[PDB]
Each structure stands twice: as structure tokens, then as C-alpha cells.
Amino acid sequence: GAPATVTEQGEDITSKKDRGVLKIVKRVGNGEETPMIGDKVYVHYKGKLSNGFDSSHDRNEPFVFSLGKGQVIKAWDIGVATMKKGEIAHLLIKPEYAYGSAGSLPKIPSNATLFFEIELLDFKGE
Ligand SMILES: COc1cc2cc(c1OC)OC[C@H](C)OC/C=C/[C@H](O)[C@@H](C)OC(=O)[C@@H]1CCCCN1C(=O)[C@H]2C1CCCCC1
């Protein structure tokens with residue numbers, strides 16, 4: 001399924017090249033611009049423990065957050081910063097770029113690998 005595909009074929013978009021954040025572009029977007037730190041970002045997302053979703057659709061509204069402001073896990077700040085408007089991307093994320101050894105119960109156990117599908121709807125400058 002989609003997580004194994006990202007393990008097998010995903011790009012490593014981490015600076016350290018530790019495979020902590022792996023990406024596949026599943027639908028291409030438009031525009032020379034990706035979001036940069038500070039931007040308000042609008043997404044729809046499906047996310048799940050890679051073991052086997054929480055989704056923005058469940059709540060019938062987009063998920064809204066400021067990039068690089070620590071409002072989302074590291075893997076999002078890194079991953080979404082690579083995405084173009086209208087893009088759909090799959091991310092697979094080792095715990096070091098999500099909730100770590102501590103976890104975040106009850107939803108996230110210690111040392112959890114996470115998978116998302118993200119659609120970048122829009123972004124606006126600070
Ligand atoms: C660990 O806590 C949660 C994790 C996740 C979703 C949670 C959640 O309860 C606070 O509830 C949904 C509400 C709307 O979210 C508000 C804020 C989310 C924040 O931005 C943080 C907590 O979430 C994140 O940084 C990431 C990325 C953005 C979307 C939420 N995500 C999650 O880790 C999900 C998580 C995904 C794996 C399946 C279980 C839910």
C-alpha cells in the first residue's frame with residue numbers, strides 16, 4: 001500500500017539525508033512558488049499511523065497552519081515547504097520528524113512512523 005511505496009520509491013527531503021522524511025508527488029501542482037517560512041498554509045490531509053486515518057474531511061473544513069512556526073510536526077514544515085499549489089503528495093515520516101520516543105498519547109505511540117496524503121490548497125504571505 002501507499003506507505004511501502006513511499007519507503008521504496010520516495011525521495012529523501014531531509015537535510016541530513018537520514019530518510020526521516022520521504023516524499024512522492026502523486027499529483028503535480030502549478031506555479032514557480034512553494035510556501036516559505038511564515039506563510040499561512042491551507043491543506044486537506046489524510047493521515048495515519050503507518051501501522052494502519054485522521055482527516056481534515058472528517059471535519060468538513062481545511063486544515064490551516066503557519067509554516068515553520070512549530071504548529072505542526074517537523075516533517076510537515078519540511079514537506080509542505082517543497083510543495084506547489086494544487087499538488088498532492090505522500091509523506092512517510094520516521095518518529096524523529098514527528099512525535100519521537102515520547103510519543104503523544106493517546107493518538108500517537110512512542111517511536112511511531114506516520115503517513116500522510118496532503119493536498120496543498122493555497123498559501124498566503126505573512
Ligand atoms: C497528536 O495530536 C494530534 C495529532 C493529529 C491530529 C490531531 C491531534 O490532536 C490535537 O487532532 C486533529 C486536530 C484538528 O488537530 C489540531 C492540531 C494539530 C497539530 O497541528 C499537531 C498535533 O498535528 C500535527 O502536527 C500533525 C500534522 C497536521 C495534522 C495533524 N497531525 C497529526 O499528527 C494528527 C495525527 C496523524 C496520524 C494519525 C493520528 C492523528
Side-chain angles (χ1 to χ4, degrees), residues 1-7 9-29 31 34-45 47-50 52-59 61-68 70-73 75-83 85-123 125:
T5 294
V6 177
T7 304
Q9 301 177 11
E11 171 188 3
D12 182 352
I13 57 172
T14 62
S15 287
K16 276 173 173 103
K17 293 295 186 270
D18 57 24
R19 302 182 42 86
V21 183
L22 292 172
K23 179 189 184 195
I24 306 169
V25 164
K26 288 299 255 183
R27 185 175 69 198
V28 163
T34 58
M36 292 171 282
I37 303 189
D39 289 3
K40 183 180 182 194
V41 184
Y42 300 80
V43 301
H44 270 306
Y45 79 82
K48 60 168 170 181
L49 297 189
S50 63
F53 295 70
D54 173 40
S55 175
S56 55
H57 291 296
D58 297 316
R59 299 191 294 278
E61 72 186 11
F63 182 69
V64 180
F65 77 103
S66 299
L67 188 76
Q71 301 161 11
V72 292
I73 55 167
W76 269 52
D77 278 335
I78 290 160
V80 174
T82 75
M83 291 178 71
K85 195 171 142 188
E87 182 182 307
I88 298 170
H90 287 169
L91 301 180
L92 188 73
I93 304 161
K94 284 182 180 181
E96 288 71 22
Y97 294 88
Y99 302 88
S101 59
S104 198
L105 285 177
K107 298 193 178 175
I108 316 294
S110 168
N111 292 333
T113 291
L114 307 192
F115 172 90
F116 296 77
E117 176 168 280
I118 300 173
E119 176 176 354
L120 181 53
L121 299 167
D122 199 15
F123 50 113

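The first residue in the sequence is number 1, and the count goes up from there. For ligands, and for the atoms within them, numbers begin at 1 and follow the listed sequence.
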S50 pairs by side chain to side chain contact (heavy atoms under 4.5 Å, CB included) with which of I93, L114, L92? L92
Numbered atoms and elements of ligand 1 in range of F63, under 4.0 angstrom, heavy atoms: 20 (O), 28 (C)
Of the side chain and backbone of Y45, name the one, both, or neither that has a heavy atom under 4.0 Å from an atom of ligand 1. side chain
For this output row, return yes or no: ring centroids of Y97 and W76 closer than 6.0 angstrom. no
Atoms in ligand 1 with a heavy atom of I73 nearer than 4.0 Å: 25 (O)
Note: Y99, heavy atoms under 4.0 Å from ligand 1, region reported as side chain
May I ask you to check whether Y45 and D54 show a side-chain donor-acceptor distance below 3.5 Å? yes
I want to know if ligand 1 touches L114 in the polar sense, i.e. an N/O pair below 3.5 angstrom. no
Which value, rounded to the nearest 0.5 Å, describes the distance between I108 atom CD1 and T113 atom OG1? 11.0 Å
Would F115 count as a contact residue for ligand 1, given that I'm defining contact as a non-hydrogen atom of the residue lying under 4.0 Å from a ligand atom? no
If we only consider heavy atoms of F116, is any one of them less than 4.0 Å away from an atom in ligand 1? yes
Using distance alone, with no hydrogens and no angle criterion, decide if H44 and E119 have a side-chain donor and acceptor under 3.5 Å apart. no
Heavy atoms, side chains only, cut-off 4.5 Å: are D12 and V21 in contact? no
Heavy-atom proximity to atom 11 (O) of ligand 1, picking from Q71, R59, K107, points to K107
